[PDB]
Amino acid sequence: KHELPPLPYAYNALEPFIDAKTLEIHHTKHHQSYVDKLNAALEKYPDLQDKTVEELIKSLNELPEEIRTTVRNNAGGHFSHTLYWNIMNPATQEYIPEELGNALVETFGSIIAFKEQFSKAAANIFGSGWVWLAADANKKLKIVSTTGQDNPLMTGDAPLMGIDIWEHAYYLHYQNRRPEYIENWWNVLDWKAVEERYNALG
């Protein structure tokens, strides 16, 4: 009963920053698999089908042991990819909303300093994982590195943006040149969507 949403844009809409073939496989193979695996697990325990993926992630320890790992990885995967697609947009004029821009400046010193810290954390991921910008219960911002499809919901924070550092996110166009992928990704980040998330925390 969870469904894979259509992308908010065509599979070739993030060219040349992300290649169409990748965006299509990433969505229709990798993300689809997380949804299908999550659904298979939840079909065994159908009262969980009524939970949001966020509720599942935040209550892993309460789920049946049989499916706990499958749910961590696949709800985590579903959540994380959903956010990734929704914070990207066909390459658009740089405009960082005031509230978010000011908070980044206050926290990291400048926008450039934030981008540098974030880029460096992403370049330093070992194996498969993610780098996030997250806000804690009091809206303080941090950069978080995670493994697998783990995400900041698990540590009680609100993810605002994340970059996928799994090799499938970049290998077809960039191969081992992960820094090139990271640098290019900034061109499709939708600051307005990141701002919407931050703003909602009120």
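One-based numbering along the sequence shown.
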Stretch with the greater mean C-alpha B-factor as recorded in the entry, comparing 54 to 62 against 166 to 174:
54 to 62
Quick check on the record: does 5 to 13 or 19 to 27 carry the larger mean Cα temperature factor?
5 to 13
Maximum C-alpha temperature factor, selected from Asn73, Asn89, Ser119, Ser80
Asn89
Taking the entry's C-alpha B-factors for this chain, is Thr107 in the lowest, middle or highest third?
highest
Chain thirds by Cα B factor, record data; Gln49 belongs to the highest
Just say lowest, middle or highest third for the CA B-factor of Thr146 relative to the other modelled residues in its chain.
middle
Tertile call for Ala135 (CA temperature factor, within chain, third-based) is the highest
Would you mind ranking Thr155 by its C-alpha B-factor against the rest of the chain and naming the third, lowest, middle or highest?
highest
